[PDB]
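What the coordinates show
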Amino acid sequence: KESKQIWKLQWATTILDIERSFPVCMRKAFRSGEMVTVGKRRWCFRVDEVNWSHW
Amino acid sequence: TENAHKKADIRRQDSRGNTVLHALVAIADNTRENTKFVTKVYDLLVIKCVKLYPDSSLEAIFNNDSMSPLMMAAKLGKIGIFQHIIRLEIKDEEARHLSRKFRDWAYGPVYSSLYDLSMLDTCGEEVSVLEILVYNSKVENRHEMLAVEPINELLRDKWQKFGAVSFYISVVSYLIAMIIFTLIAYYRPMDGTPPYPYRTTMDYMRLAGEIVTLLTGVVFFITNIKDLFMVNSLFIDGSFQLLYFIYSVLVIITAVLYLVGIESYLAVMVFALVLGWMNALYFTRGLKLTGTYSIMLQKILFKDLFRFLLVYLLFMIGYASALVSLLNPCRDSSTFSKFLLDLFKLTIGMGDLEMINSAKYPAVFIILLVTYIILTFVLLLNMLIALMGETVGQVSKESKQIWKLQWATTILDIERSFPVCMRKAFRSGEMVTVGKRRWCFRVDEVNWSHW
Amino acid sequence: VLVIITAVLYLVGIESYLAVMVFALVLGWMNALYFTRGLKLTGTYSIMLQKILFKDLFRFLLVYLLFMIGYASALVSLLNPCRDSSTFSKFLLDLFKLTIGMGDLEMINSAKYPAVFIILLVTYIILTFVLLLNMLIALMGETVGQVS
């Protein structure tokens, strides 16, 4: 159990330590997510799905 | 399909040359729901293709890569459409000549099914289904995909015909390489000044044996280091490949030493001769088909001990080449031979050194030697942790996956070895005239239900 | 093993049989310490292990001794001039000492051919170190899947 727990934890731990390393100018450059104008616009993230049900 | 203005041609391809069946394979996600209806459509289209066109079958049309829908399903790692094309028995009685599964005789409890080897073992054709299962598909599902019904018995066909034969040739062809090397060793002139004038015809005969012996060790040396960067325990267990490598190392070391001019090559030359006859003790096992868990272990044993030797020897060369660079006055070009000689002895513990006096700088020699133990002791524990960090979680699955995979991998490499004339001889499957005749394969069954 | 070795040595004519003869006498009374367990009926997992421990260490000894005899018999065949029939006793005596590390040799001078003696001795370690790991991998490749 734990070897697939801390490995997931440390994978998340390091990438945020990389995120703290960049300045505020380069932070906005490789930012994930897109502006999708919904409603009456926000920085949301696109996620794909595949489903054969719900007809 | 049926209309009044214009119909839809089922045989129509696309810019990728794919028909209607190939798109069904490409969307065949191996789930519960998606494997259901694709089998319904696949039966629906082919019957409709025969009813509208009795001459042509829809499975016959290939692609720009000459791929059937059965050929395509092995590429993209599809299972549900794969197990349905193999288990294809059509009740429509007009699309019957393209059905795949048959029923020969049903004497009570024993059913006699019949699978066609139409594209499974392509004898004199371009490329097979089974070849793409092994040589081309890089999908994880290939372990499950070989566990379909006919291929579990199709691989046992050609294993029983070609396994015992190809193994016995491998035993003899190793014995040929040994008896050659015995005639080299016991017939040396042995003066003390190597090499020799190679003018005598009866000495020219044993000269040819060095071509046979050395180059065999060279091919085994350079392919495995390439295979490392880029353990067939079926025949011979994986401990032999490391030991035959050590045999291969000592041959090319031997070939250097009588070309340098040092006559002490004779010790190493007969040394590997002792191992090579004692390497034959792995031939007495026979043949192994049941997979153990140590088989995947011995690859990493071979993977890292070869790394352990190179990290040794480069460190010994590098530290010896380091100490020559400390010598600013002239130093001599023969000192590097004396640094490296006095450096190997410390790791063994001979204490027969020539240059390094430990009484001169004792407080430095110890703390380098103590740290040398600590460097080596951790690299030994990197072996054991890499083994203990392997035999716990998913070794219960993968060791019965690659063992099934490598069993299938080797038998097709044996199949590529035979010519086209001997290929047709021990071909599995029989001609059973069904319909209005094909090379199908007989499969037995036992069932107490279906009454 | 030590009994049949003992039976040879006083038939050869060498009176140093008495050391080995009383040596096995010490073990045989100390082998009686396995009698104090009693009787075992609950199966452990180490029981199948110790067969392979006995299976391969007996193979480990024979692959040792045949290699020591074979390499000693090899080096006699290098001797083209006459050599003497008592050299094989002296090759084999000077060959066992290297594996222990006695350094009390009689024939082989490591100062004569140092660059060859090391690279044979280094490879001798590598041969023996892998055969030790063949024990551990055969045990680790056993106590995982179907030993339960």
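For the structure itself, consult the block above.
In this report, we go over the structure that sits alongside the text. (Residues numbered from 1 in each chain as written, not as in the entry; some residues may be left out. Chains lettered and ligands numbered in written order. Part of a larger assembly, values for the part shown. Heavy atoms only, no water. Residues with missing side-chain atoms left out of burial classes, pairs and counts.)

A count of helical and extended segments in chain C gives five helices and zero strands. The helix and strand sequence of chain C, counted from the amino end, reads α-α-α-α-α. In terms of C-alpha radius of gyration, chain C reaches 21 Å, well past the compact-globule figure of 15 Å for 148 residues. If one aligns the C-alpha atoms of chain C with their principal axes, the spans along those axes are about 65 × 40 × 25 Å. (Helix = DSSP H or I, 4+ residues; strand = E, 2+ residues; numbered from the N terminus. Rg over C-alpha atoms; globule rule 2.2 N^0.38 Å.)

With that settled, consider the overall build of chain A. Along chain A, the regular secondary structure elements total two helices and two strands. Along its sequence from the N terminus, chain A presents helices and strands in the succession α-α-β-β. Over its C-alpha atoms chain A spans a radius of gyration of 17 Å, topping by over 25% the 10 Å that the globule rule assigns to 55 residues. Viewed in the frame of its principal axes, chain A has a C-alpha envelope of about 40 × 40 × 15 Å.

Let us now look at the packing of helix α12 (residues 335-348) of chain B against helix α5 (residues 114-140) of chain C. Their axes nearest at 10 Å, the elements α12 of chain B and α5 of chain C cross at an angle of 35°. Relative to α5 of chain C, α12 of chain B is oriented so that their crossing is left-handed. Side by side, α12 of chain B and α5 of chain C meet where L341, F344, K345 and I348 of chain B of the first sit next to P114, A115, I118, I119, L121, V122 and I125 of chain C of the second. Of the residues that constitute the contact of α12 of chain B with α5 of chain C, the class distribution is ten nonpolar, no polar and one charged. (Axes fitted to C-alpha atoms, helices over the stretch in contact; angles between N-to-C directions. Left-handed = near helix turned anticlockwise from the far one by under 90°. Contact = heavy atoms within 4.5 Å. Nonpolar A, V, L, I, M, F, W, Y, C, P; charged D, E, K, R; others polar.)

Relative to the helices and strands, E140 of chain B resides in the loop between α5 (129-136) and α6 (142-145). As a C-alpha pair, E140 of chain B and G77 of chain B span 63 residues in sequence and 7.5 Å in three-dimensional space.

Across the boundary between the two partners, chain C contributes 34 residues, which contact 37 residues of chain B. Buried area between chain C and chain B, both sides added, is near 3,500 Å², and the carbon and sulfur share of it is 87%. Of all residues in chain C, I118, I137 and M140 of chain C give up the largest surface area on contact with chain B, accounting jointly for 18% of the area buried on that side. Our enumeration of links across chain C and chain B arrives at zero salt bridges. Counting across the interface, chain C meets chain B through one residue pair in polar contact. Every element with two or more residues in the side of chain C that touches chain B is listed here: α3 (46-78) and α5 of chain C. In terms of residues, the side of chain C that touches chain B owes the most to one element, α5 of chain C, which gives 20 residues. (Buried area = accessible area lost by both parts, 1.4 Å probe. Salt bridge = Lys/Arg side-chain N within 4 Å of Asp/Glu carboxyl O. Polar contact = N/O pair within 3.5 Å; in protein donor to acceptor, adjacent residues only side chain to side chain.)

A separate point is the arrangement of the chains. Most contacts, when the two pairs of chains in contact are compared, are made between chains B and C. With respect to C-alpha atoms, chain A approaches chain C no nearer than 17 Å, and the pair has no contact.

So, about the nonpolar core. Core analysis: the largest hydrophobic core is formed by 118 residues, its most contacted members being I81, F82, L130, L133, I151 and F271 of chain B together with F67 of chain C. When neighbours within four sequence positions are excluded, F67 of chain C is seen to be in contact with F271, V274, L275 and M278 of chain B together with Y124 of chain C. In terms of nonpolar packing, the next biggest core, distinct from the first, is built from 16 residues, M316, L323 and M350 of chain B together with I108 of chain C among them. (Core = buried A, V, L, I, M, F, W, Y, C linked by side-chain atoms within 4.5 Å. Buried < 20%, exposed > 50% of the residue type's maximum accessible area, 1.4 Å probe, protein only.)

Time to look at the pairing of strand β4 (residues 438-446) of chain B. All names here are of chain B. Of the strand pairs in this sheet, strand β2 (residues 110-116) and β4 are connected by seven bridges, and their pairing is antiparallel. Paired with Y115 across the bridge in β4 is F441. Pairing analysis gives three bridges linking strand β3 (residues 430-432) to β4, with the strands arranged antiparallel. Pairing of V432 across the sheet is with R438, part of β4. (Pairing = 2+ DSSP bridges.)

Now for the sheet that holds β2 of chain B. Backbone-to-backbone hydrogen bonds join strands into a sheet, with any given pair of strands oriented parallel or antiparallel. Residue and element names in this part refer to chain B. With antiparallel pairing, the four strands of this open sheet are ordered in space as β1-β2-β4-β3. Strand pairing shows two members of the sheet lacking a second neighbour, β1 (101-103) and β3, which therefore form its edges. Neighbour to neighbour, the strand axes of the sheet diverge by 50° on average, direction disregarded. Strand contacts of helix α7 (residues 149-185): β2 and β4, with the helix running at about 105° to β4, the strand carrying the most contacts.

What follows deals with helix α15 (residues 402-417) of chain B. Residues and elements named next belong to chain B. Here α15 is 16 residues long and its end C-alpha atoms lie 22 Å apart, about the 22 Å a rise of 1.5 Å per residue gives. All of the buried residues along α15 are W403, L405, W407, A408, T410, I411, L412, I414 and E415. In this fold, the buried residues of α15 make contact with α5, α6, α7, α11 (294-326) and α16 (420-423). (Expected span 1.5 Å × (residues − 1).)

All right, on to the side chain of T122 of chain B then. Tracing the backbone through its elements, the reader meets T122 of chain B in the loop between β2 and α5. Using a relative accessible area of 5% as the deciding quantity, one classes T122 of chain B as buried.

Further remarks concern helix α10 (residues 265-278) of chain B. Taking 1.5 Å per residue, 14 residues should reach 20 Å; α10 of chain B reaches 21 Å between its end C-alpha atoms and fits that length. Within α10 of chain B, 13 of the 14 residues are buried, leaving the element largely enclosed by the surrounding structure.

Okay, the pairing of β2 of chain B next. Residue and element names in this part refer to chain B. In terms of burial, β2 is largely enclosed, as six of its seven residues are buried. Alignment of β1 against β2, held across three bridges, turns out to be antiparallel. Bridge pairing in β2 links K101 to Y115. Between β1 and β2, which pair antiparallel in sequence order, lie six residues; one of them, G108, sits at a positive phi of approximately 70°.

Trans is the prevailing form of peptide bonds, just as negative phi is the prevailing case for residues other than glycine. All names here are of chain B. Looking along the chain, the bond that leaves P194 and enters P195 is cis, with omega of -5°. For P195, the position within the fold is in the loop between α7 and α8 (201-229). Phi at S66 takes a positive value of approximately 55°, unusual for a residue other than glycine. Here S66 lies in the loop between α2 (34-52) and α3 (69-75). A positive phi angle, near 65°, is found at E93, a position not held by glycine. Tracing the chain through its elements places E93 in the loop between α4 (80-86) and β1. On the basis of relative accessible area, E93 is assigned to the partly exposed category, the value being 46%.

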